[PDB]
Each structure stands twice: as structure tokens, then as C-alpha cells.
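1. my complex, part one, positions kept as in the full thing:
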Amino acid sequence: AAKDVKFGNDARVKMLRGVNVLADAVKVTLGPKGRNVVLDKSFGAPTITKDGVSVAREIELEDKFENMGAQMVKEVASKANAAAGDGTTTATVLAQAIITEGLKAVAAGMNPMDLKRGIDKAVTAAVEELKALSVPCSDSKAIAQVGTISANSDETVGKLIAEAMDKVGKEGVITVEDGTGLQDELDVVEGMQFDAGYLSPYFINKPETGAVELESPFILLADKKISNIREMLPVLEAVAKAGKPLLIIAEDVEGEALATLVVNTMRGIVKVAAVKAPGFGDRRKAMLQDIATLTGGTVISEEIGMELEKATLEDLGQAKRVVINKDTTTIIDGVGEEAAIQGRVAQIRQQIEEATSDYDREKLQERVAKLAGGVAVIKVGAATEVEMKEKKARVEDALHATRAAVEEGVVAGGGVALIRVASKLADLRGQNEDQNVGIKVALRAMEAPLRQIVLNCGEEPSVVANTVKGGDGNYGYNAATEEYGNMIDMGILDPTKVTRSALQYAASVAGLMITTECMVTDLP
Amino acid sequence: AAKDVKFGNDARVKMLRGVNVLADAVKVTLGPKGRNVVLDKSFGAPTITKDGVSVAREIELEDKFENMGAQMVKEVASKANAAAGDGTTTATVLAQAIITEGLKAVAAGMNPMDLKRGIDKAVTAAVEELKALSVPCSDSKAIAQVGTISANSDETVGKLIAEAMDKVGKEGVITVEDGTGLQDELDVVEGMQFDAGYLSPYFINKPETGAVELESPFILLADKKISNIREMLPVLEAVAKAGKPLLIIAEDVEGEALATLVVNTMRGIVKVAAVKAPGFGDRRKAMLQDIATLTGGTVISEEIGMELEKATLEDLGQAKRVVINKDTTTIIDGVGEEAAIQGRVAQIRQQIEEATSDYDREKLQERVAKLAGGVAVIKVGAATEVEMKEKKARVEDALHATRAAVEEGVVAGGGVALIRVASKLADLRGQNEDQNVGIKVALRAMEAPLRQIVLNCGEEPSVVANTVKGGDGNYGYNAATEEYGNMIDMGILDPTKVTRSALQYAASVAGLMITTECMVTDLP
């Protein structure tokens, strides 16, 4: 098809306008004081939301050049949220800030490449500054505070996550579920999570999460060298009449006929998923039986002579809920007797101190953490079905952010961290003036989140920013209470990974737009 | 699809317009002097109504932003109606008033978050104030009055609800059914209601109200806990032959049993439902025999050596209609013989005289109230199928609003209650001027129903409002006779629940629109 082709400022103005539409709609929702955005549906009542992610999903523009701008920022901002578990709105605000000033500098005739170079140097520096400024998240009070902030000021979610980690540890495995109702519930059941992905896509159920999920699955374990689908048929008939889904764990899955396992489940007849066994040699086999003892079943080894059609249903292990993934498999509520589990845990212990090299000492210590660790299950309570499912969503978001906070620590929220990092960079320079201006563009933009938060409050951004800047450290503005104080003392905490990622991704896409001379799209 | 995106004032003006169209159409129908609205239909003659529910249901606007505003207020007014059984028009009027004055303040530069805070603070105060002002609805004269108001102004439906309660008690069981015609008839049959619900949610044949409806079902009463589906078969077969659905009331239904029955129920092979028998020990036993006597069935007791397999079709009780929701089971028109039910009642009244414990005595009297209480069935009237089906949702709503009047009491009608409460709130203040303005916005809005009622009379609303304010308590304006008097004495009563539900729901949507900065919809 023939193309519409724009260059230079003509192209760049278009991009900026589309970015301005996306950002202006997303950014009004920033903060505890964020405004509502009404999102139409083709039927019934409109959706009213303060959630920036929801607002961003909906944005598509008629003008194809403007729309290219909006989509570029959208993709980048969502990458951030996927990496750190939060910060979509903050990233979008940043992108708009850098993009606006950067383009201003381009139009003034400054070197675009130099502007991009300077923005990058500021960001590289800003990221280091954040690492230094960062502080560990350890005590459960701080952890609760992080969750609460990610749950949009809901002290219950943060209280739930902190309670979960208080059971299975901050590094422990945690899964969220729908409860019977009316109050949050917490139970630590038997189960484990190991790293394996599903061997082929299309296995995904509930595609929004992009992870496969089953309910009360049968579990199969083998060496997997085997042959292929044709031989293993006999076990497939028994399950079909249960009926129960099957999760096959094996050294790998090679077979094409084995790859015809994925297809027929697409037809909906029987729901199944296959996943590899982690590691090689005696290490993976010991872990195969590790899973067998947990799920109350025996592994099938073509070495020992055991054949897959020789394996009865009761012989195959079983669990309650299982969630596999691209990088991960998780077993919830394994039906294996606690006598088999604890009996083996003491054995893993025995091998520890007989083992000499510290590499065997560790990995082995990893398996004992899985069997003896279990899986924390958060059952979300509420008054209603729809009022519940929302909260299950907010708990899942707060969880990843808290995980983030555990890894890289926390910083002053409310955009205080970025504002402090900017002051620390005041003396930063590049190789020439253009790069210098690029650095200043990035530093000015670091003020955007706080100002937008303040703006959504109905307060003067210049006034709060000026007052905050006149203070030091963790001194900042609490937008909920309209008070200045110590942000950490007040419980307003961003995971450092989130703040970092938001800046990096925004600077990425901004660098590209600033460096764009040409756009090509179809004819309207 | 590409979207149309509007911000701030430009957006809010559109919302206000849509609200204005919706509310201006709906509010002319408020109160005894309400004007007619003609509603078109694709085929045949138009409909003419004073009922705001019918008018609002029909409103959809061409401009997509305007339409969003209207749908927003609509959703909120219908929720009010679903909660209190009435108040749709009042809710809509309050909504337009709060929104109108709030948006004025926003465009005058005031803080929307503070405006919303003031509104919320004022409504909260008003809700307590209403609860204090509330007075009990007990005597038959008052119930008929509340029914007539909820009618509206139909002494037939109003009276009819009174005998219904007068016969079965104000706490009694009253149900609305289609009826043959051409009048509405009230029948009292043998039936009761106890607290039990579907052991599985999958048994629901009516998703809207979320309940199980079995027509002319057989009823199985067994003491044993049901686990294996095998022992059920001899009875399950005989039930499939008869062509009637089955209801299972037992100690419990679990394991293979609960799993099996719900499996086939989803399929076409069976229509059935099961519930847990209420109570424990001898009471659970005594209650099962209660239900047995009502339905003409025999309790199957594994204690005596009675087995499920031996249980025949005659052993099952029968009823015309049974309704199982989440929290309760309702058995309508049991087949049991009066001589037996009367004897069963006589037996229990004996035990009451023999009762040493006040607790044991209260529990027994609850058993007779259910057995001797019966169930009130209202079969809806008129002629054609269009009104007849529509009328049923009316009387149901009227009955609901009447129950709510008995539970939460009554306040002066004709918008007088809101007027009074707004006077008690004259000294109420917020944190800042903008919250004060919000409080005043809400307090003026509370005058809107009475003013609108009067305006529909062709009378000056400011004179009537001012004259009512000058009086105290229940002094108000009777819009039927165009004369002042005592609202309670003149029989003009609102369920307190309706009034507060309308205020709360209206202030909800108003706060949302006042805090909306962005709207997203499809292209024109």
C-alpha cells in the first residue's frame, strides 16, 4: 500500500502529540490523590478507574503518526512494570518530560545525538546514585509499608504480604487465591517451586497472566528418554475418565508425536502441560524423586526397568493447584504424606555434612529449602464476588513490587528519591554543551513525578517542589495527608528497582524519539 | 480501535450534559404530581409512564461522552433501587444537584478532592442524622401506608402487602409469582424457610438473583452424611422416571456424592440440588422431621437401620416450588396433610410448656413459627403479558421497600426528611474553605427532591421549601392535596433505607464525576 511519509519536525511534532495524549490520560492517575479516568465499554456502564495501566491499555489514536508515538511510550512503560512489578505511570510521566524538553532542544538546533548522549550519562549516573541512596527492606513493618503503597494505600494487603513472608520467609514461595469469603486467610501448605518452563506455548490457560494453570492435577515423573507419545498412551486413558488434568515432568520433551500432545488439548478435549526436569545427571534424578515424595507418587525410570504403562494412577503423584510458567513451575498442596517428606528432608541433611565441596553443600541446601519450605497461600476475603477479585488483583501487584523491594531495597517515595538524585548530579557534565543540555533535560525531568503527584492533589507543584528541594534526605511531601515530613518515617516507600527501571525505560524511548528523523505509516 | 479522548473541563461539560438529559427526563416524573413521559417502541403504540425506572432504562445518548455521564448516574440509581427497593428518581435528582453545584465550584478554581471530601463528610453526617430521625414501622396502618407510597399511591398493592404481612407476620415469608390473572391474588400455603444453601454454586438455574429453582420437586430427607453416589442411585433412578427435580436435605453431602451430583447437574442428565440440614444433635433431627411433616415425607435415619437404597418414591416429600439461594432454602406449598402438621405443631407446643430452659424454649417457638407460619404467595395481576411481567418486578420492589421500612423504620416523605437533616447539619465544617463549600453543596442538594416534587405541582418551590423549613419535625407539604400537614399523620412515609440509599448512592457518583479528569471512548 502507498505510504504517508513524514520527516524532521513534521514527524516529531506528531509523535509528541500522541505521547501527550497517552501521558496526559495516564498521568492524572498518579499518586494517592490521583484523579479518575472514565473508560467506555460498548455495553452498559462505563468503567471508572484510578489505575494507570488500565488507562494505558485503552489508548489508541486515529492519526497514525500520533498513535506511533503513544504506542512507543506504552510499550516501554509496560516493560518497566514487567521488570520491577510497578511504575508504569511513573515511567510514562518521565518519558513525557524527557521527550518534551529534548524535542525543545532539538528544535532549538542542538545536536540530537549529543542530547541523547547527555541524557544517557545522567541516567547511568542517576542509577548509581539510587543504588547508593537505597536502603534494605528487612523488618516486616517496612515490607508491609511497601505492599500497602503498591496496593494503593490499602493497609490490609501489605499486612497480608508481610504475614506471608513472616511464615515462609522473604525469599519464600507465595501464591494468591480466591477465598471462601469475607476475610483474608493465610495457610502454609506443602509444595515447592523450581525453575522450569513449559516446553511449548499454547499451553496457557488464563492468557492475561501468560502462565498455565490447573486444578487438582495428576502428576507424572520419568527419565523421558523413553520413546515418544505412542508408547505412553495407556496412562492417558485412565486420567481422561477421572477426569483430571495431567502435568508431565521429565528430563525434556523431544517427541513430535509428543508435540502432538499440545495440539489436541487446544481442541479442548483434555487439558495437559509438559515441563522439563531441572539439571542433569544424578542431580536432576534426586530432584525428580524430591517432587515424587512431595506429590505422593513414584518416579518412572527406564533404567531400573520401570515402564510407563506399568505405572498405575495411584502410583502417579498428585497435588491440589499447580502453576507453570515460562521460567517457573510451582506445586501447591502436594498430597504426599508428611512422613515421606520429613523422612527425606533428614536425608538431604545427612548428605550435607558428609559432602565436602561447598558447591554440593549449597545446591543440596537448596532442595531442603523446597521440601521443608512449603508454599504460603493467601486467600483473599471480601464482601462480594467482584469486590473480591479486584482485591486479588491488587494483592498480586503489591506482591511483585514487594519482591522487588526485597531484592534491591527501598527509597523515598513520592518522587523524593529522583529529586534528591537530581541534586547530587548538579555538577555532572558531558563532552560539549549539547550533551550538557541533555544532562539538564534528564535532571529537570526527574522532578516530574513529584510535581504530578502534587498537581493531582490540587496544590501548587512549584511550591511543594521548592519546599521539598529546600529540605534534605528523606524529607518530602505526603500527598495523602498534605504534610511535609520524613518519607520513610511516614511509610511512603518505593522499591528502588521500580524507580530505577522507570527512569531507564523512559530514557530509552525518549532517546529514540529525539533521534528519529522519519516516520512511515499507511494512508488514512 | 482508535479512541476519542477528552480532558478536564471539556470532558466534565460533556458528562454534565448527559446527566442533565437523563435527570431532566427522569425528574419530571417524581412524586404524586409527576408529569408523563412517552417512550417509543419499534412496533406499535408508545408507552406512557410516570415511573422513573422505566424512563431511565430507555435513556441512551448519541454523543458518547454525554452517554457516559448518563450511564454513570443510571448505574448508581439502579443500585440504590436494588438496595432499598425504591428511590431511583430521588437518587437521580440528588445526583444531578450535587454534580451541578460541584462542577460550578471546580470551574471556579476550587479543589475537587476537597469538594468531594466535604460532600462525603456531609453525607456521612446526614446518614446518622437520618438513622436518629427514623421511627419504627409496626402497626398494620403504617405498613399499608409505606406500601402505598412504594406502590406508588396504589392502595391496592399497598393494602395487599399489608394482609400478606398481617397473615404471616411482618417477619413472615412473602413471595411474588406470575399468577393467572386478571387480578392479583394472595394465597397462604404450607411452607417455611430455614438457613441452608447450595453446597455447590453450580446448582444455580437462575443467575440474576443467584438461586436454585426446582418446580414440583421430590424432597429427600436423610440423617446420614452422604458420600458415595452409589447409595443414592435407587432413589435417583426413581426420580428421573417421575419427571420431577429433586432436593436433598441431609446431614451433609460431600466427597464422591457432592462431586457426582454437581457433575451431571451441569449436564442435562439431571436436575437436582442439595443443602446442609440446619442445626446439630437432636435439633437437626427434630428439624428434619419438621420439614418431613410439611412435605409429607419420611426422614431416612441410618440410626434405626433405614437405608438409602431401600428408600422408595413414596418416602420422598413433595412441594410446589422450592427456592435455594446462598443463605436460605424456601419450601413453598408442602404436600403434607393438615392433620399431621397440626399434630406436629400441637406436639411442639407441648414441649414448650415442659421447657425448663428459656433458651430451649425460644428455639422451640422458632420451630412452630416456621411450621404453623406458612408462606404468603402473591400472584401478580392485570391482563397483557407486557405489564404482568413488568408489574411483578414492581410489587417485588414495593415489597422490598416495605420490608426495609419494617427493618430500618420510616421518615417524613415528600422530601421533608432530607430538608430536616440538612438543618441539623448547618454548623458542620471541614478542614478548609473548599471542604466547607462541598458541605454546603451537599446540604443544598438535599432540598432538591422536595423542590422538584413541588415544581411538578406548578407551585413555587421556594415558598414551599421555605414554609416547610419554618416548621419543625414532620411538618411538610402534601403534594396530592396541595396542603401542608403532618407527613406521618397524612400517611406519607419513606423507608429510611430508601432515603439514605438514594443520598449515599447519589453522592458516590457525584464525587466520582467531580474528580474525573479524563474520558476515553470510541470514535463517533
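-> Great, that's in hand. Numbers count the residues shown, from 1 in each chain, chains lettered A, B, ... in the order given.

2. quick one, domains of chain A?
-> A:1-136+A:410-524, A:137-171+A:379-409, A:172-378 (curated CATH domains).

3. which SS state does residue A:176 fall under?
-> Three-state call for residue A:176 (DSSP: H, G, I helix; E, B strand; the rest coil): strand.

4. correct me, but it touches residue A:381?
-> No: between residue A:176 and residue A:381 there is no contact under C-beta atoms under 8 Å: 11.8 Å. C-beta: built from backbone N, CA, C; applies to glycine.

5. which one's more surrounded, these two?
-> Taking neighbours as other C-beta atoms under 10 Å in any protein chain shown, residue A:176 and residue A:381 compare with residue A:176 leading, 21 against 17.

6. what about residue A:144, neighbour count?
-> 23.

7. then the one 3 residues further on?
-> Around residue A:147 there are 29 other residues, counting by other C-beta under 10 Å.

8. and the gap between the residue of chain A most remote from its centre and chain B?
-> In chain A, residue A:305 marks the outermost C-alpha relative to the chain mean, sitting 43.4 Å out by C-alpha atoms, centre = their mean. Using C-beta to the nearest C-beta, to the nearest Å, we find residue A:305 at a distance of 35 Å from chain B.

9. does that residue count as helix, strand or coil?
-> Here residue A:305 is coil, with the state taken from three-state DSSP.

10. scan chain A for its longest helix.
-> Determined from DSSP state H, the single longest helix within chain A is helix A:385-408.

11. how about the residues of the stretch 401-524 of chain A near chain B?
-> Counting by C-beta under 8 Å from any C-beta of the partner chain, the positions of the stretch 401-524 of chain A adjacent to chain B are A:457-458.

12. can you pull the phi/psi pair for the residue of the stretch 401-524 of chain A found nearest chain B?
-> Proximity of the stretch 401-524 of chain A to chain B (C-beta to the nearest C-beta) peaks at residue A:458, 3.6 Å away. Backbone geometry at residue A:458, expressed as degrees, to the nearest 10, gives phi 80, psi 30.

13. now for the longest helix of chain A, which elements pack on it?
-> If contacts are counted by 3 or more C-beta pairs under 8 Å, 6 or more residues apart in numbering or on different chains; DSSP states H and E, helix A:385-408 sits against helix A:140-150, helix A:155-168, strand A:173-178, strand A:375-380, strand A:493-495, helix A:496-514.

14. and it, what's buried?
-> Buried residues in helix A:385-408, defined by neighbour count with 16 or more other C-beta atoms under 10 Å in any protein chain shown: A:388, A:391-392, A:394-406, A:408.

15. touching, residue A:98 and residue A:442? I think so.
-> Yes: the criterion here is C-beta under 8 Å, and residue A:98 meets it with residue A:442 at 6.3 Å.

16. ok, residue A:1 - contacts?
-> Listed by C-beta atoms under 8 Å, 6 or more residues apart in numbering or on different chains, the contact partners of residue A:1 are A:522-523.

17. measure it to residue A:522 for me?
-> 5 Å (C-beta to C-beta, to the nearest Å).

18. write out the residues of chain A neighbouring chain B.
-> Counting by C-beta under 8 Å from any C-beta, the positions of chain A adjacent to chain B are A:21, A:24-25, A:28, A:33, A:35-40, A:42, A:44-46, A:48, A:55, A:58-62, A:67, A:457-458.

19. if you look at these, which of them are in helices?
-> Using DSSP H, these in helices are A:21, A:24-25, A:55, A:58, A:67, A:457.

20. just put those in TSV and tack on neighbour count.
-> TSV is the format used below for these (neighbours: other C-beta atoms under 10 Å in any protein chain shown):
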residue	neighbour count
A:21	23
A:24	17
A:25	26
A:55	26
A:58	18
A:67	22
A:457	21
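
21. and of those, the nearest to residue B:191?
-> For those, the minimum distance to residue B:191 (C-beta to C-beta) is 50.7 Å, reached by residue A:58.

22. drop chain C onto that structure:
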Amino acid sequence: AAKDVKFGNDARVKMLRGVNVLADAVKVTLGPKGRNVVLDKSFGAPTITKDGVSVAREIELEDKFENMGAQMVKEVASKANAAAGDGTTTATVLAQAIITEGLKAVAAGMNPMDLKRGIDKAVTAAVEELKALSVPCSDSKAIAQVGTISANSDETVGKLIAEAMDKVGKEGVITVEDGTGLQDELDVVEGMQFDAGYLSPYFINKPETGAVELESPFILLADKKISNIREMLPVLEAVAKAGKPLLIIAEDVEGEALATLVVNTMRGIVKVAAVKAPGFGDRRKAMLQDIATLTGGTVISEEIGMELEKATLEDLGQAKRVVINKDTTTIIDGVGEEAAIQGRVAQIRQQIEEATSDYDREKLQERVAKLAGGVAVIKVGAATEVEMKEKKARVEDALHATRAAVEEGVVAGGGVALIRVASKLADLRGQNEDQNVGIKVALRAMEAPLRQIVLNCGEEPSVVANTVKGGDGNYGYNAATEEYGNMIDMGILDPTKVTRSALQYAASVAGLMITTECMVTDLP
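-> Adding chain C to the chains above:
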């Protein structure tokens, strides 16, 4: 879908326009001198008609608001003719006069509710004046005149009806069906009519009369409600194999039974129809037996231990024809033995001497009336197909108007009665000035029919109206002969009910339009 919403005077002009189109098209056909209306067909030559009903049927307007106005008046005017046997054109002419003046008064700023009250008050008074002005219709002469007038000066029709009543009595049961030959025929047969409608609308054979037609069918009589199809199987199979339709008369038909019968009737297969047994208690049982005695059939009761599966073809009664309306059911030519009927009549007449209640006396005498009275059948020959249906439809209208003449009496035709009544009300007043204007609106409207009748004659309405006014009593203008004289003497008679119903219905719809603030319809 999105709607077009109009308010106030803007809406009411549109409504007025559509009313003016309808009424101006229809009113030219009023009276003996009515003009021609040409009605186009999609092919060939146009259709020419003096029939006001045919003209109204065609009117649909492009502007949806205007069209709403026209359809509102058609529907109501159509109702007068359904409850009377005439008056549709009179009602339309009346509606337009009231609507026009009323709407003009509203636009002038007068209180619409007050105007409606004044109109209603005048109509109530006029209805009373009509009642006092009314005179009995007794002798065969006046009965024939009433039928003649409603048949459009056809003396054959009034003569035929009067012969029907001369046999079976003025309150007797009469039915008109297709004439076999060129000449009409009248036969009195044993049969009855009672009030039962079709339980479902979904079975009616002929769309124009909206009634069920069953030829030589079976009649089922059951003392129980039938909730299950399985009890009707043995009898239902017998009937389908006999090549005869089935009429079901029971305590009720509901559940799977009714839904199924609207299946195997509506869809195809054999024709069947069901009606409720009139009344309740023992009167329902007594009445069921009455039908059984008349139809030569046996009542099936659970009370004696009878069962429907045991019911053979011999237990069912039968007749030659059964016509089931919405309101009524008519059995024509019962198969029962006269010795059985006369013995049943005697037993009922015996219970009358034993009756201790005056209510019991009256209800017993209407059963002896149905049994002993029988039915008068009218078969009307036109000499050709198209003329027979047309004439037969005139006889059906005249018959209905004659019953109305019998019940409420007759008054002076040519719109003389309304003029006379309007001159008696000249001093009638109201609560205030607006009501007074409302009364005058009604009184002026009362002259519209006479004036239109004269205008259609081509004389001056003003002159003739004034001459009639200046006379007294039954003095009026004969529009056929163009001479004045006594309207009763000249044979021009309107059943009081027709004049009444015409005025009342016209004033009803006019009251609604005068009180309308809003109209909702589809986008253009």
C-alpha cells in the same frame, strides 16, 4: 440504541402535529355524509374508502415524535370501539378537539395538571348527564335501529340481530359465523358462554378477531391443576389419533404442561387450547360439572380418586364449535343429552330454594341461564366471499353496539347528546381559573362531532350547531336527509355507552398529552 429526547413545548408541538394528521384524515369519514379517502397500493390503482378505521390503520408518520402522537390517539380511539362496537371516529374527533385547546392553553402558561382536572371534572359531570339523559332500549324496533345505525344505514343488519334477541333474549348468547349461502340463517342450539380466556395468547387461529377457533373438538374437564405433561399423555395420544382438536378446562394449566402445549400447538402438529375453570371452591366444581353435563362428558377429580391416565375418549365431552376469546369462552352445540341438561337445571333450581344467601341465589341463576338458555347462531350470506366477511364483520360490530344499547340505554345520535349535555354544564366551575378553562375546553370539544358531521355534509357547522343548540331535547340535524327533527323519531340512535366511552377515552389520552413533559424515541 441512542435516543432522540424532546422536552416541553418543543415535544408537545410534534405530538400535536401527528395528532392533527391522523384526526384530519380520519374525521372526514365521520357520519352518514363522510367523504372519500384515497389509499395508495404498491401496484395498480388506489383504493377508495369511506371507512375511518381503514384510514387510521394506514397512518404512520416519518417524524418519530409526530408519529408517536398519531399512534397514541389511534390506540385509545381504537379502545372505545372495542368496548362499545362504535365510536372510534367520534373518539378521534373528540381527542383532537380537547388536545388542541388543552395544548394551546399549556403553551399560554396555564397549569397543565389543573387543565386536566377541569377536563376530567367536566367529563365526569357529562358522563352523569348522559346517564340521566339516557333512555331504555327495550322493544325490537329500537334494537333494530341501533344495529342499523352501527351498520351504516343497513336495515338488514339491525333486523337480523333483533331476530336473534327475539329468540334467545336480549341478554342471551349470540354468535355470528360465516354464512353458507346468499341468505342469512338463524339457529338456536344448546351451548353456553362463561368467562375463561386462553391461558396462552400463542394459540389463536384467526388474527383479525384475535380468538381461538376449534371445530368439533374434544373437551377435557379436570378438578385439579395440571403441572405435568406425563398425566396428559394417554388422553393426548388418543385425541391426536382421532383427528380432532382438544379444549382443556381445568383448575389451571401451568409448569411444563402449559409451556409444552404452547410448543406442540404453536409449532405445528395438532391444534389445542386451554382455559381456567371459572371461579373457585365448590362453585368451580359445580361449574365444571355444568360444562360436562352440557358437553356430554365426565369431570376428572382427585377428590374421588380419579386419574387422568385412566381417562379415555368417553370421559371427554365434545361440541360442534368452541370460540375462546381473551375474555370469554363459548361452547356451541353441546353433545350432552337434553334429559341430562334439564335434570341438571332442575337440581340447580332446587338449590335456589335452599339458598340462605342472596349471593348464592344470583350465582345459581346464572348457571341455569347458561344451561337452559343455549346459544343463538348467526350465519350471514353475502352471495360472495369478499362481501360475506365484510358484512359478517359489520354484524359483529352492530351486535356489540346493541348489547351496549341494552345495558346502558340509548341517546340522540348525530352528536346531539353531547351538545345537550354540554349546555347543561355551562355553569360548572373548578378549584381555580385553570380548572375553569379546562372545563370550557371539554365543553367546546363536546360540539366537535356534530360540527364535523355537518362539515362533511358541506353545510356550515356554525349555523347548524347554533340551530340545534337553540332547540331542546332530541331535536337535531339529520345529516342524511339534510332536515331537522327528532333524532329518536328519525331512528338515529347512539348507545349511551358509545358516546360515554368515546368521550372518556378521548379525554383520557388528551389528559395524558396535556400532562406530558418528555418524549423519548429512536434517532432519525
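
23. that older thread, how close does the residue farthest from the centre of chain A sit to residue A:223?
-> With C-beta to C-beta as the criterion, residue A:305 and residue A:223 are 11 Å apart.

24. for residue A:131, same thing?
-> In this structure, residue A:131 and residue A:223 are 45 Å apart, going by C-beta to C-beta.

25. quick one: which of those two has more around it?
-> Between residue A:131 and residue A:223, residue A:223 has the larger neighbour count (other C-beta under 10 Å), namely 19 against 13.

26. quick revisit: what separates the longest helix of chain A from the chain centre, distance-wise?
-> 10 Å (C-alpha atoms, centre = their mean, to the nearest Å).

27. equivalent analysis for stretch A:8-25, please.
-> 28 Å.

28. thought residue A:245 was touching residue A:215?
-> Yes: if you go by C-beta under 8 Å, residue A:245 and residue A:215 touch, sitting 7.3 Å apart.

29. which of those two has more neighbours?
-> residue A:245 (21 against 11).

30. contacting residues for the more buried one?
-> A:214-218, A:239, A:270-273.

31. list just the nearest of these to chain B.
-> Among the contacts of residue A:245, residue A:216 lies closest to chain B (C-beta to the nearest C-beta), at 10.7 Å.

32. for the residue farthest from the centre of chain A, give its distance to residue A:298.
-> From residue A:305 to residue A:298 the distance is 13 Å (C-beta to C-beta).

33. next, format the contacts of residue A:245 as CSV and append secondary structure and distance to residue A:468.
-> Shown next, in CSV, are the contacts of residue A:245 (DSSP: H, G, I helix; E, B strand; the rest coil; distance: C-beta to C-beta, whole Å):
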residue, secondary structure, distance to residue A:468
A:214, strand, 50
A:215, strand, 50
A:216, coil, 53
A:217, coil, 53
A:218, strand, 58
A:239, helix, 62
A:270, coil, 60
A:271, coil, 54
A:272, strand, 56
A:273, strand, 51
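
34. if any of those are buried, give me the PyMOL selection for them.
-> The buried residues among those can be selected in PyMOL (16+ other C-beta under 10 Å) with this line:
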select buried, chain A and resi 214+217+218+239+271+272+273
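
35. may I see the buried residues of stretch A:298-313?
-> Residues of stretch A:298-313 classed as buried: A:298-301, A:308, A:311 (neighbour count, 16+ other C-beta under 10 Å).

36. what's the answer for stretch A:43-53, then?
-> Quick answer for stretch A:43-53 (16+ other C-beta under 10 Å): A:45-53.

37. let's see which of those end up in strands.
-> When DSSP state E is applied, the buried residues of stretch A:43-53 are split such that A:47-49 fall in strands.

38. which of these lies closest to chain C?
-> Closest approach between these and chain C, by C-beta to the nearest C-beta: residue A:47, at 19.7 Å.

39. which one is that closest one nearest to, not counting chain neighbours?
-> Nearest non-adjacent residue to residue A:47, counting by C-beta to C-beta, 6 or more residues apart in numbering or on different chains: residue A:39, 4.3 Å away.

40. residues in a beta bridge with the one you found, which ones?
-> Beta-bridge partners for residue A:39, by DSSP bridges, are residue A:47, residue B:520.

41. was I right about it contacting residue A:51?
-> No: contact status for residue A:39 versus residue A:51: not in contact, 9.8 Å apart, counting by C-beta under 8 Å.

42. single out the residue in the stretch 151-300 of chain A that lies closest to chain C.
-> Taking C-beta to the nearest C-beta, the stretch 151-300 of chain A has residue A:208 as its residue nearest chain C, at 31.4 Å.

43. what is the burial count for that residue?
-> For residue A:208, the tally of surrounding residues (other C-beta under 10 Å) stands at 6.

44. before we move on, what about residue A:108?
-> For residue A:108, the neighbour count with other C-beta under 10 Å is 8.

45. that'll do, ta.
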